[PDB]
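Asker: Structure provided below as structure tokens; questions to follow.
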Amino acid sequence: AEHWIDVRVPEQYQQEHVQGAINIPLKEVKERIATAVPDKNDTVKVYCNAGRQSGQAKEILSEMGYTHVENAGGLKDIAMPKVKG
């Protein structure tokens with residue numbers, strides 16, 4: 020399966036977020052991933068407004084010992100349905 024995580028400020032989430040993502044900012048992803056995705060073998064796709072901060076979150080998660088994290092890109096790149104906050 021997969022889980023999707025918005026890793027930026029809620030400010031993007033308010034206007035639109037990938038349908039099925041949860042806002043877990045970069046600053047906090049390190050701890051909150053454990054409650055969002057208790058099985059770190061599950062696929063985790065991170066994205067943010069500019070793709071970069073999801074890149075950083077991916078590195079944080081890789082340090083936390085994830086096996087299937089991926090930076091999807093930036094919010095613009097993900098071609099899933101989106102919804103507002």
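If you count the sequence shown from 1, you need to add 19 to reach the UniProt record's numbering. Heads up, the beta-carbon is just placed ideally off N, CA and C, and yes, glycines get one too.
Which residue's Cα is closest to the Cα of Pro-29: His-22, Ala-20, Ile-43 and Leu-94?
Answerer: Position 10 of the sequence shown, counted from the start, is the residue given in the question as residue 29. Nearest of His-22, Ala-20, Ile-43 and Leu-94 to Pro-29, Cα basis: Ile-43.
Asker: Looking at C-alpha atoms only, which residue of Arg-71, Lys-46 and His-36 is the closest neighbour of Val-102?
Answerer: For the purposes of this step, residue 102 is taken as the residue at position 83 of the sequence shown. Closest option to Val-102, Cα to Cα, is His-36.
Asker: Which full runs of the beta strand (DSSP E) of 3+ residues lie inside the region 27 to 98, going along the chain?
Answerer: Segments of the beta strand (DSSP E) lying fully in the region 27 to 98: 40 to 42, 62 to 67 and 88 to 93.
Asker: Just mark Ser-81 as buried or exposed, buried being the case when its beta carbon has 16 or more other beta carbons within 10 Å.
Answerer: In the sequence shown, residue 81 corresponds to position 62, counting from 1. Its Cβ having fewer than 16 others within 10 Å, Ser-81 is exposed.
Asker: Can the beta-carbon of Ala-40 be found closer than 7 Å to that of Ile-24?
Answerer: Position 21 of the sequence shown, counted from the first residue, corresponds to residue 40. Position 5 of the sequence shown, counted from the first residue, corresponds to residue 24. Yes, the Cβ-Cβ distance between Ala-40 and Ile-24 is below 7 Å.
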